[PDB]
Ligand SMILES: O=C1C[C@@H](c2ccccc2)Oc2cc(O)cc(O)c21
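Single chain ahead, by itself, as structure tokens, in the form deposited without pinocembrin (KML).
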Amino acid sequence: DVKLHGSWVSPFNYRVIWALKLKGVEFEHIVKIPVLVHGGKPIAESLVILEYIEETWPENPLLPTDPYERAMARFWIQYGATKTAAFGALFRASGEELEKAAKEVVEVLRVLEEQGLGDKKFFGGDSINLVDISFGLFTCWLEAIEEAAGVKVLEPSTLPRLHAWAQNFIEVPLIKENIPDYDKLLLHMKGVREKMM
């Protein structure tokens, strides 16, 4: 009834895995992607798939009920999706350019921390929502890119609240039981950086 055409490394595919397990939806994971196929009908683009999952299985909501709060959630999701030019530079740049790219990524994450997260445990408050799911790539995927490139970005000293969020997110049992193996993910990131020089 529900098929997920994805991969074992893509953070975009894992956003869908999380949202489906948060709704209790059974699916067959078939390893561009991701493409969710529900009753033979396909939905592409992880952000479009997430809103489809939220509307199709409304129990245990992953977006707030208030329209202003929903607009703020979509604003932060769009903000993360737009700021990908800074993250690409972590796979291409080397030396002094790489340290400038890492500082740019930190400034992007700082806006998210100050204006999006604030003092909440999660972007969704006391539990994860679609905003947390959309920023989940900043946990073990960003950690792997940092190690493969030799640069530090998400540190407790420079981003105290976002660093504490990233630990809390990765420790959520649903997330902990559904993430790539770090060793395999790091080797994948090293290979991607090698390809893009």
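Here the rigid core means the biggest group of C-alpha atoms that line up within 1.5 Å when the two forms are laid on top of each other. Numbering starts at 1 and follows the sequence shown.
Novice: Quick one: core-superposed, which stretch strays further from the shown model in 6 other deposited structures of this protein, 77 to 85 or 101 to 109? Go by RMS C-alpha distance.
Specialist: Stretch with the higher C-alpha RMS distance in 6 other deposited structures of this protein: 77 to 85.
Novice: Count, per the entry, the deposited residues between residue 44 and residue 45 that are not modelled, and return the matching class: none, 1 to 3, 4 to 9, or 10 or more.
Specialist: Unresolved stretch here: none.
Novice: Comparing 146 to 154 with 133 to 141, which stretch shows the greater average C-alpha B-factor in the deposited entry?
Specialist: Per the PDB record, 146 to 154.
Novice: On mean C-alpha B-factor from the PDB entry, just flag whether 161 to 169 or 32 to 40 is the higher one.
Specialist: Between 32 to 40 and 161 to 169, it is 32 to 40 that shows the higher mean C-alpha B-factor.
Novice: Go through 21, 184, 176, 15 one by one and give the residue whose Cα B-factor in the PDB entry is largest.
Specialist: Largest recorded C-alpha B-factor: 184.
Novice: Whose C-alpha has the highest temperature factor in the PDB entry: 101, 111, 73, 117?
Specialist: Among 101, 111, 73, 117, the highest C-alpha B-factor in the entry belongs to 101.
Novice: Would you check the entry's CA temperature factor for residue 93 and let me know if it's in the chain's lowest, middle or highest third?
Specialist: Residue 93: CA B-factor falls in the highest third of its chain.
Novice: Residue 79's Cα B-factor: lowest, middle or highest third of the chain?
Specialist: As the PDB entry reports it, the C-alpha B-factor of residue 79 lands in the middle third of its chain.
Beyond the structure shown, there is the form solved in complex with pinocembrin (KML), which is absent from this document and is the topic of what follows.
Novice: Can you tell me if residue 76 lies within 4.5 angstroms of pinocembrin (KML) in the entry with it bound, counting non-hydrogen atoms only?
Specialist: Judged by the heavy-atom cut-off of 4.5 Å, residue 76 is well away from pinocembrin (KML) in the entry with it bound.
Novice: With the partner left out of view, is residue 141 within 4.5 angstroms of pinocembrin (KML) in the entry with it bound by any non-hydrogen atom?
Specialist: So residue 141 counts as contacting pinocembrin (KML).
Novice: So in the entry with it bound, does residue 115 come within 4.5 Å of pinocembrin (KML), heavy atom to heavy atom?
Specialist: No, residue 115 stays farther than 4.5 Å from pinocembrin (KML) in the entry with it bound.
Novice: Using the partner position in the entry with it bound, report whether residue 137 sits within 4.5 Å of pinocembrin (KML), counting heavy atoms only.
Specialist: The answer is yes: residue 137 has a heavy atom within 4.5 Å of pinocembrin (KML).
Novice: In the entry with it bound, does each residue in the set 9, 12 and 188 place a non-hydrogen atom within 4.5 angstroms of pinocembrin (KML)?
Specialist: The answer is yes; 9, 12 and 188 each reach pinocembrin (KML).
Novice: Go through 145, 159, 166, 62 and name the one with a heavy atom inside 4.5 Å of pinocembrin (KML) in the entry with it bound.
Specialist: Result of the distance check: 145.
Novice: Pinocembrin (KML) isn't shown here, but in the entry with it bound, which of 81 to 89, 96 to 104, 118 to 126, 68 to 76 has heavy atoms within 4.5 Å of it?
Specialist: That would be 81 to 89.
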